[PDB]
Each structure stands twice: as C-alpha cells, then as structure tokens.
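Note that these values count all heavy atoms, side chains included, but never hydrogens, waters or copies made by symmetry. Numbering of residues begins at 1 and proceeds along the displayed sequence. Both counts, for ligands and for their atoms, begin at 1 and track the order of listing.
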Amino acid sequence: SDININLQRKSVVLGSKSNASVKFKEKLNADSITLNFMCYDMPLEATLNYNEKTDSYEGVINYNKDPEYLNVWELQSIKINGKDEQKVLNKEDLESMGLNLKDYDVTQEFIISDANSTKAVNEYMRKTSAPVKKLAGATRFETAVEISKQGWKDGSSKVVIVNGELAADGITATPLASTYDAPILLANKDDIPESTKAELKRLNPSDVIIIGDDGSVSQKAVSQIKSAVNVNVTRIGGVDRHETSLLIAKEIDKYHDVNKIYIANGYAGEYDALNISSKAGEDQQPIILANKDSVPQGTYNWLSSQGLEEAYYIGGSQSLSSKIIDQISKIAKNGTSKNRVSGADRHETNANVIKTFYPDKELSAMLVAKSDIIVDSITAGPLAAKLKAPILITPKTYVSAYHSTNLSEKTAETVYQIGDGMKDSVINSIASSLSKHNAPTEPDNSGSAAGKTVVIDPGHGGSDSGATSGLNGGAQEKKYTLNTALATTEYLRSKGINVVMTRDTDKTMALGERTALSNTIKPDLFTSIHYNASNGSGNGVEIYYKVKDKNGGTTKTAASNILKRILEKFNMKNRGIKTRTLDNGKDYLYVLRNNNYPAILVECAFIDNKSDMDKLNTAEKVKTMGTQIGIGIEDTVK
Ligand SMILES: [Ca+2]
Ligand SMILES: [Ca+2]
Ligand SMILES: [Cl-]
Ligand SMILES: [Cl-]
Ligand SMILES: [Cl-]
Ligand code: NA
Ligand SMILES: [Zn+2]
C-alpha cells in the first residue's frame with residue numbers, strides 16, 4: 001500500500017513504550033516523520049527516523065502524558081520533515097490515501113483499585129490491579145479472531161492457519177507467524193467456520209500459510225479459504241512434527257539467519273514447546289522438535305550447516321537426555337546443559353521459562369491462558385511475540401503455586417486474559433500481583449469466598465539450609481522442603497482448598513514468624529514440611545503432632561492421614577506419628593507449641609538415607625511426595 005503504519009501496542013498505561021514503524025511507497029527525501037495524536041485536547045507526538053536497511057521510518061511512542069478526560073489516543077496527522085520542504089498529511093489526506101484512522105487508536109488504561117469487597121469502608125488501603133484486556137470468544141475459533149483484531153486491526157498480508165482441534169501440530173508455528181508478523185487463525189480439516197471466514201475477509205490478506213499436511217488441513221479446507229478471500233495458499237507440512245518443525249525453521253531462514261534453536265521433545269514435550277513459544281516468537285528463532293536422545297538426521301544435517309550460536313533445551317532428563325545435549329552441544333557454539341530449562345510439570349516449567357527468558361522485573365505485559373488446552377496459547381503466541389511479553393499458563397480455578405515468586409517480584413503494565421473460562425478470582429489475583437514489586441502473596445487463596453484454609457510451611461530456608469547430604473548429587477533440606485511444599489500447595493488448590501505458604505521461595509524465615517502467620521491466618525491445619533537426618537542409619541517417615549491430642553484430636557488425625565497417604569506411594573519404614581515435649585510438659589517444636597491452630601510437622605524421609613532418597617531422586621518423585629501430603633491434608637480438613 002501507499003502507506004502502512006505498524007504500532008506495537010494498542011492497549012497501554014502511563015509510561016508505556018510502543019515501537020512504531022511507518023512505510024511509504026513513495027521516496028520522501030526526509031530523514032524523519034512526526035506522528036501527532038490527540039486524546040480530547042491533549043497532544044502526544046513521536047518522531048520516527050528513516051532506516052535505509054528497511055526503507056521504513058522507525059521509532060518509539062512514549063505514552064508519557066496523562067489525559068484529563070477520555071483515554072484513547074487518535075492519530076491526527078503525519079508531518080514529513082524534509083530538509084527543504086515539509087509536508088503535512090492531515091486526517092483528510094490520510095483517509096484519502098486509504099487509511100482508516102480508527103484502526104490506530106490506542107487505549108491508555110490505568111491501575112484500578114477494588115479489593116474483593118469494598119462493602120462500605122472500614123480501613124484505608126485498597127488492593128490495586130494491573131488493567132486486564134480480555135481477548136476471547138465462545139470457542140477457540142472466536143478467541144483466535146479476538147487476538148487477530150487486537151494486534152492486526154489494520155489488517156495483515158499473511159495469515160497462518162492451523163487445524164484448531166489438532167492444535168499440538170501448530171506448536172512450532174509461533175516463531176514463523178512472528179517472522180511474518182501475522183496472526184494464527186483456526187480451521188477444521190475440511191472447512192473453516194464462519195468466525196475464521198469473516199476474519200480472513202476483514203484482514204484482507206494476500207497469502208495464507210497452512211501448517212500441516214493435507215491430512216491436517218485438506219484441499220476441502222483450502223477451497224473454503226479461497227472462497228472467503230482468493231489468496232495464494234502456501235503449505236508447510238512434513239511427515240511428522242519433527243520434519244514440520246524443520247521445514248518451519250528453513251522457512252524462517254529465508255527471512256533472516258537461523259542461529260539459535262529452542263529444542264523440545266516432539267511427542268512428549270508439547271507443553272515444553274508451548275511454554276517456550278512466546279520467547280522463540282519474540283526472537284523469531286525456531287522451536288526444533290526432537291526425540292529423547294537426538295534430533296532426526298535430516299534436522300541434524302541442516303542444523304550442522306547453520307553455524308548455530310545457541311541451543312536451549314526445554315524439558316527434563318526424561319524428555320531430552322544428556323545424549324541430545326551432547327549431539328547439539330557439538331554443533332552449537334553455546335549448547336551445554338547449562339541451557340536446559342525444565343520443571344516438575346507444565347506450570348513449573350512455564351514459571352522457569354518466564355524466570356529465565358523474561359528476567360526484567362518490569363514486563364510490558366503478561367498474557368494469561370488456561371493450561372488445560374494447547375490451542376489458546378498457540379493463537380496468543382504471535383501477539384505475545386509482537387508485544388515482546390510472556391504467556392503465563394495456569395488452570396481455570398487457581399493460580400499455580402509455581403508462579404508465586406515471579407508474580408510477587410515482577411510487575412506487568414497490561415494483563416491480557418486469553419480465552420473464556422478462567423475464574424475472575426484467578427485473573428484478578430494475577431493482575432493484583434503484577435501491579436507491584438514484592439507484592440504480597442495472598443489473592444491466590446482469596447479465590448474461595450469461603451472454604452477450608454491450610455498453611456503450608458517448607459522448613460528452613462535462606463541462611464538456614466537445614467540437614468544436608470551427599471545423596472542425589474548433593475541435597476539440602478531447605479530446597480527439598482520447598483519443592484515438596486509447592487507440590488502439596490498445588491494439589492490442595494486444585495481441590496478448592498485455600499493455601500497460604502509461609503514462604504514460596506528461598507528465604508530466611510524464623511519459627512516465630514511462621515507461627516505468627518499461622519495465628520494470623522487461623523487455618524484449619526498448619527503443616528510444616530521437613531526432611532530427617534542422623535547418619536546413613538535412620539530411614540523412614542514420621543510425623544509429629546501436638547501432645548495435647550496424644551489420645552485423640554485434629555493433629556493426631558492429620559498426622560495419621562498424611563502418614564497413610566505417603567506410605568501409599570512410598571515403601572519407606574513407617575516410624576509412626578510422634579509427640580515430643582520440653583521438661584515443662586509443652587510440645588518441643590516451636591511451630592506446634594506456639595500455634596493456636598492444629599499443627600503438625602512432617603519428616604518426609606531421611607535426606608541422608610540412600611534407600612529413602614532413591615525414591616525422591618527426580619522432580620516428579622518429589623512432586624509425588626508433596627501431592628500425597630496434600631491428599632492426607634484434604635482427608636483431614638474437607
Ligand atoms: Ca501490523
Ligand atoms: Ca560446540
Ligand atoms: Cl495490544
Ligand atoms: Cl516497547
Ligand atoms: Cl516459646
Ligand atoms: Na508483583
Ligand atoms: Zn528440619
């Protein structure tokens with residue numbers, strides 16, 4: 001077209017930055033142009049400088065003005081800053097050149113104050129939350145259309161199409177859609193629904209790129225797409241997911257060099273591929289799908305000739321073994337095991353990718369999708385890549401415990417809610433944490449208007465490592481209690497029980513602070529999680545409970561239930577439930593003696609006993625230990 005205006009963000013807050021690129025068919029003989037916008041009577045301008053590499057005017061809009069009234073910035077004009085002549089295109093001129101100016105409107109939202117119930121006012125401290133933009137429709141097809149309208153309101157010359165019910169197949173499509181700066185819309189194998197047909201017409205593309213062979217998206221779907229818009233249809237699809245990821249990588253290499261790869265297990269690491277999608281999309285570098293010990297030969301031969309600078313492995317040892325790291329490390333400049341990112345499950349892996357690949361404490365945005373489906377994260381991917389923002393996944397009814405630290409420490413200017421189905425409670429909890437640094441950890445439980453509440457306490461932390469041992473490559477009680485406790489919290493939340501963790505990260509915390517927290521929360525049950533030690537000798541599981549219940553009571557029932565559940569998955573010696581007192585008759589353990597609520601202390605296993613530790617030598621086994629403890633707790637409080 002004669003003029004194309006590409007704005008990075010259509011939803012901002014005070015202080016946001018948005019990249020802008022304007023391309024003119026005509027050579028203007030001018031080093032820069034100035035865009036003028038207005039919101040009611042307040043002006044905002046941005047100067048874009050000519051970049052000969054791209055034949056485009058590029059720069060950044062800084063939303064550093066706070067409007068007294070209204071909150072939508074509307075483009076008014078473009079001034080061409082020639083040396084000898086300046087020309088100004090006003091609204092009428094821009095409309096005469098084919099632009100529809102409302103396609104460039106940018107909404108400036110602000111942090112809202114609401115809490116969960118401002119029924120009158122009792123104190124003065126309102127809970128704040130980052131503004132939420134919801135992109136969703138009745139089904140995955142309409143949700144992909146709302147995403148498309150958000151980042152491509154002015155249209156797109158290319159559209160990527162993936163089969164919407166075989167979405168696992170388009171899991172490596174985000175980096176290519178990002179390279180094209182195109183949205184992904186969804187098809188059925190032999191048709192496209194009306195929602196996709198109408199958005200293809202609205203975007204007015206010249207080309208549709210189908211990912212998948214005719215078995216995924218057939219010629220019958222191709223005809224319905226061309227009936228909607230008579231585009232050129234390109235198809236990229238191999239014999240299986242591994243070859244298709246290779247063919248996508250070769251397609252990206254036609255636009256710019258491929259020198260970095262993010263590897264995931266094709267059939268066993270679908271959520272690994274999904275979790276690194278927004279980052280691979282922002283970098284416009286491919287996701288290469290592999291087998292557990294190697295990438296296929298065809299992939300290996302092409303990667304060997306690419307001169308890779310970096311390779312990352314998304315997935316644990318069971319998905320990508322040391323053999324594929326050895327293979328790829330030999331052909332990449334930086335591809336050692338240090339580049340592995342993994343997690344006990346899809347949520348921990350999502351949190352570790354965000355922690356590793358989005359290190360900034362202030363994000364421009366956070367896109368939040370349900371973790372039970374794959375397709376919403378695939379269609380959100382191109383938009384997350386355009387916004388240079390991560391996708392967070394979590395179940396519909398609770399914020400995963402593995403997100404606690406990232407949500408507390410970081411802020412995001414805008415939170416996008418992808419799809420319909422996530423509880424208000426959950427998205428609002430995430431939006432509140434992301435409105436401040438070092439945010440407190442609390443809406444994550446507030447979720448239930450009523451229900452049972454448990455306090456989970458991972459023993460030791462920070463300056464106190466607790467017991468240590470040389471088993472399982474070196475073990476520290478403070479880290480095993482934290483990994484066990486996160487899994488217990490995750491199980492309880494998935495059953496609708498509110499959980500407050502005394503700590504959700506490595507930090508120093510005194511017994512008196514853990515107990516004060518318990519006394520403030522007034523839980524149904526407080527569970528401290530620890531690991532035992534003696535020498536290699538002691539082994540087994542034991543739980544301490546309050547002496548006052550020695551002949552019956554909530555803590556004795558709690559300790560019996562948890563011990564039973566642990567033993568259901570772990571063949572360790574049953575050391576029984578125990579009480580222990582000081583000479584004065586009171587409980588020896590501070591968190592039992594000083595707790596006004598039911599409390600127990602679980603010694604999961606002896607961290608210095610090889611037989612016990614052999615049953616806890618992978619993140620998934622530690623996760624099973626936490627889950628059993630959570631089941632025992634649910635037995636007790638439900
Ligand atoms: Ca665009
Ligand atoms: Ca190397
Ligand atoms: Cl946006
Ligand atoms: Cl930006
Ligand atoms: Cl005391
Ligand atoms: Na935060
Ligand atoms: Zn301990």
Side-chain angles (χ1 to χ4, degrees), residues 1 3-10 18-23 54 56 58 61 75 99-100 103-106 111 127-130 147-160 177-184 202-206 351 354-355 358-366 368 382-383 385-388 390 392 399 403-415 428-444 504-505 510-516 518-519 546 580-596 599:
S1 295
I3 179 163
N4 179 268
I5 294 172
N6 184 30
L7 299 184
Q8 176 183 30
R9 316 206 184 273
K10 298 306 265 326
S18 175
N19 298 326
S21 168
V22 178
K23 189 165 234 305
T54 62
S56 261
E58 298 172 356
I61 298 161
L75 179 62
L99 295 180
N100 184 243
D103 293 348
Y104 308 103
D105 283 359
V106 169
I111 283 160
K127 285 168 214 197
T128 58
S129 54
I147 286 167
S148 177
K149 285 175 178 177
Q150 187 65 24
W152 294 267
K153 181 66 182 285
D154 55 330
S156 189
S157 64
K158 293 176 153 70
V159 178
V160 172
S178 312
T179 293
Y180 295 150
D181 186 15
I184 287 169
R202 197 193 63 77
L203 293 165
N204 196 40
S206 286
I354 285 165
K355 168 199 74 181
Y358 293 85
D360 292 354
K361 288 139 227 115
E362 304 196 327
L363 302 172
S364 59
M366 177 82 82
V368 178
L383 178 66
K386 181 177 172 70
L387 300 176
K388 302 184 180 313
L392 186 143
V399 176
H403 295 318
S404 301
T405 313
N406 285 342
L407 295 178
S408 179
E409 300 191 327
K410 300 187 186 290
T411 58
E413 298 171 352
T414 306
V415 171
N428 173 259
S429 172
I430 286 163
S432 308
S433 311
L434 284 169
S435 67
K436 43 236 190 144
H437 289 306
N438 300 315
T441 51
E442 258 132 306
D444 53 0
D504 44 50
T505 198
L511 295 177
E513 187 171 3
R514 300 160 193 249
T515 313
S518 190
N519 290 338
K546 294 185 175 186
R580 195 200 157 154
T581 56
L582 306 166
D583 286 56
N584 65 13
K586 307 224 223 170
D587 291 296
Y588 172 78
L589 292 166
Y590 192 108
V591 298
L592 263 56
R593 179 177 75 256
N594 288 316
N595 215 312
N596 296 148

What I want to check is whether the side chains of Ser518 and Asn595 have a donor and an acceptor closer together than 3.5 Å. yes

Could you grab the distance from atom CG of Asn438 to atom NZ of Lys361, nearest 0.5 Å is fine? 10.5 Å

Is a donor from one side chain sitting under 3.5 angstrom from an acceptor on the other, for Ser432 and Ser129? no

Quick one: does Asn519's side chain have a donor or acceptor within less than 3.5 Å of a partner on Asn594's backbone? yes

Reported CG-to-OG distance for the pair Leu203 and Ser157, which is rounded to 0.5 angstrom: 10.0 Å

Can a side-chain donor-acceptor contact be found between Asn6 and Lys386 if the only test is distance below 3.5 angstrom? yes

Donor on one side chain, acceptor on other, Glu409 and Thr405, under 3.5 Å: no

Using 3.0 Å as the cut-off, note every protein N, O or S atom close to the Na ion (ligand 6). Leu407 O, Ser408 O, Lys410 O, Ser433 O, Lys436 O

Heavy-atom closest pair, residues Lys410 and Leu434: O-CD2, 3.6 Å

Return all protein N, O or S atoms below 3.0 Å from the Ca ion (ligand 1), chain by chain in residue order. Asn6 OD1

With a cut-off of 6.0 Å (strictly less than), are more than 12 heavy atoms of other residues, nucleotides or ligands near CG of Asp583? no

